[PDB]
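Quick heads-up: it's one chain on its own, the form solved without this ligand, in structure tokens.
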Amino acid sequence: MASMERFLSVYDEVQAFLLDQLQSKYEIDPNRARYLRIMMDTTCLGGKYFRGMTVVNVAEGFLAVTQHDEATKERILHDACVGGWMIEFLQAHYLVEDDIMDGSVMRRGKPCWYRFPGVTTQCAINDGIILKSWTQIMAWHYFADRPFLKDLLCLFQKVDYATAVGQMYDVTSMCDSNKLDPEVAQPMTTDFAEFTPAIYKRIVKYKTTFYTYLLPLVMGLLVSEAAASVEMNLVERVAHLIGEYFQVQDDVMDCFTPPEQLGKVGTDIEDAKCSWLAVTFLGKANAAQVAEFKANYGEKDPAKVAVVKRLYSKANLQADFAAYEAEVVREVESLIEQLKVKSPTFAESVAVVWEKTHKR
């Protein structure tokens, strides 16, 4: 059975389990089940399933080198699919809530969930809660007796919390830290002192890298009972590095990729986001450029957003990006090599994770 068809089939299985349980145990009526079914589909499906399929790919790597009964290979692959769905649903939680937080319009060429006519924010906040609750219901049902259950739950928990901390870093990235105060409405930074590579790295490490790269790799290790084939400090290091590169790419696309192919009108500039473009631009700009950036960034006025795009175009940020890309290629190659000392197989899965990221 091909990996993706397996993964998509387990989606159906898991959906039926969750909805059946709501009927048999939570007194749900068919109409509200249908609402939840549709919500699950609309929020969990239609992506590339990069995160969930990474769990499956890591598990298949180990299966190719490890002795097991056929029934055991099937159980491992079924666990890797369930685990991959837990990550997809965790992502779905964060996208639903983030889209509401940010007042986003579209995602992936379709309206954000909360904008659907029969949803609204009042329902969608809670729908997003349920999405994450489902990840736990999946875990406790399908992995009840599994030896990795504790480690899996503890890992998921930490990754979720890292993610929420990252969200906080992201939403507060255009404030001056010394001005944060629940009692006082927050002004936009005027000095941009906090738009540094290190501050940037912190936002991205927490907001994206733990759930997008660390969790799918480590979950693949856990459902394979293979966390001893690796040095976990190396898996963290490579996860954080690849994940940073992924976000840098997303940041550049927000600005320069056409909306119909982006899936989204990009608003990082209007939103005054600490993007890789802003940070890199400030890291090379002269006094005049810095002042022009300050007078135009974080404003909805299209003339001003086009002044910022003009500044980024003239500043030859392609050069800084090629240089960044080259260094990331060095370091990820170095880490893959360190990963071979303990597991060729696992190192190869990380290679494939890297190729899928670097090429897209």
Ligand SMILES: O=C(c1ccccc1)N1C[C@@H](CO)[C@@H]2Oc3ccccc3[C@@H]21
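Residue positions are given as counts along the sequence shown, with the first one as 1.
Omitted from view is the form solved in complex with this ligand, to which the following refers.
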{"item": "Proximity of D320 to this ligand in the deposited bound form, heavy atoms at 4.5 Å", "value": "yes"}
{"item": "Distance check, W134 to this ligand in the deposited bound form, heavy atom within 4.5 Å", "value": "no"}
{"item": "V238: touches this ligand in the deposited bound form, heavy atom cutoff 4.5 angstroms", "value": "no"}
{"item": "4.5 Å heavy atom contact, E327 to this ligand in the deposited bound form", "value": "yes"}
{"item": "Those residues of 257-280 which, in the deposited bound form, come within 4.5 Å of this ligand by heavy atom", "value": "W276, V279, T280"}
